[PDB]
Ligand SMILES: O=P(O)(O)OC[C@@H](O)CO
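One chain is shown next in C-alpha cells, namely the form deposited without this ligand.
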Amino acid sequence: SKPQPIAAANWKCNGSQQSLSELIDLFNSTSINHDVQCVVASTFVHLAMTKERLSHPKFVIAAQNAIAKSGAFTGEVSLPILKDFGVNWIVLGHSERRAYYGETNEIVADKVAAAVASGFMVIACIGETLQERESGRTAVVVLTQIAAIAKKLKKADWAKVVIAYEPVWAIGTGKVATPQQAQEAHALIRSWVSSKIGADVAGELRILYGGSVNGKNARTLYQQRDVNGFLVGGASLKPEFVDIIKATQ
C-alpha cells in the first residue's frame, strides 16, 4: 500500500493573470475521483488570485519560499505573513534556491522547522548534483540533507512533512533519469527514515519525485514502489498537469 499521493504544481517564476485564470479554470472543471492531494505553488504575486478562484476541493495552495520571521528583510516574505494570508502549504529548499540563493542544508533545516512549528505542511527538497552522483556520493549526500532537517524535528513533526527528491544531476545536464534510478533514490530516503526515525514514520512518509515529469512518463514513474507523487515544473503550466494527477491512481 501507499500513503495518499501528492501531485504538486511548482509554477516557479511564471504566470500571467490571464494564463493562470485559464489554467485554474481547467482545474476547477476536472474530475478527480481518487485519494489525491493536489498542490498549487504559485508566486507570491498570484496567491491572492489563486486562493480566490481555485475552488476544486482536492486542491490547496502553497508558497514557493519564505523566511522564518517577519522584520527588516526588504523583498522577503515571512511564514507569519503567509499563515495570516491563509496559506498552509509551502515548498522549501528547492534546488534553485540552493543553487542561486545561498541556501545551505542548515538554512533549509531552519526554515522547515519554523514552518513545521507554525503548522504548515512542508515539501522539503533534497538531491545531489552531477559531481556528487558521478563520484558515487548520492547516498552520502541525500542522507546528509535529510539528516540536517530531521536534526531539528520531533517524531510528531514528520506527519507534516513531505520529502521531494530532486535529481539535480539530471537537470540541465543533458543527463537523463530513469524510473529505476528514481526508485533507487527514493528507497534510500525511505530506508533512512525507517532505520532512524521509525518504520511507522517511514511507511506514512510521502516521497515525491521532482525531476522531469510529463504526461507520458508519469505512470511508469508512479508505478514504482517508493514514489508517492510529484513535484512538477514545466508541465504544470500546461493542461498536461491534469494527465499527471491521473497518473496517481
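Residue indices: 1-based, along the sequence shown. The term rigid core refers to the most C-alpha atoms you can superpose between the two forms while keeping them within 1.5 Å.
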| query | finding |
| --- | --- |
| Higher-scoring stretch by recorded Cα B factor average, 96-104 or 151-159 | 151-159 |
| Residue stretch of maximal mean CA temperature factor, 42-50 vs 190-198 | 190-198 |
| Residue, from 88, 74, 78, 129, that the PDB entry assigns the highest Cα B-factor | 88 |
| Criterion, highest CA B-factor; candidates, 213, 60, 26, 68 | 213 |
| Third of chain Cα B-factors occupied by residue 32 | highest |
| Among modelled residues of the same chain, the CA temperature factor third for residue 139 | highest |
| B-factor third for the C-alpha atom of residue 118 within its chain | lowest |
| CA B-factor placement of residue 19, once the chain's modelled residues are sorted into thirds | middle |
| Lowest, middle or highest third - CA B-factor, residue 174 | middle |
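In what follows, reference is made to the form solved in complex with this ligand, a form of this protein that is not presented.
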| property | result |
| --- | --- |
| 4.5 Å heavy atom contact, residue 207 and this ligand in the deposited complex | no |
| Interface membership of residue 148, this ligand in the deposited complex, 4.5 Å heavy atom rule | no |
| Interface membership of residue 239, this ligand in the deposited complex, 4.5 Å heavy atom rule | no |
| Proximity of residue 10 to this ligand in the deposited complex, heavy atoms at 4.5 Å | yes |
| Per-stretch contact check against this ligand in the deposited complex, the hit in 140-148, 154-162, 76-84, 89-97 (non-hydrogen atom, 4.5 angstroms) | 89-97 |
| Listed residue that, although this ligand is not shown, lies within 4.5 Å of it in the deposited complex (heavy atoms), from 121, 171, 107, 114 | 171 |
| The unique member of 66, 213, 185, 39 whose heavy atoms fall within 4.5 Å of this ligand in the deposited complex | 213 |
| Those residues of 213-249 which, in the deposited complex, come within 4.5 Å of this ligand by heavy atom | 213, 231, 232, 233, 234 |
| Of the candidates 86, 119, 102, 174, the only Cα that travels 2 Å or more between this form and the one not shown, given a rigid-core fit | 174 |
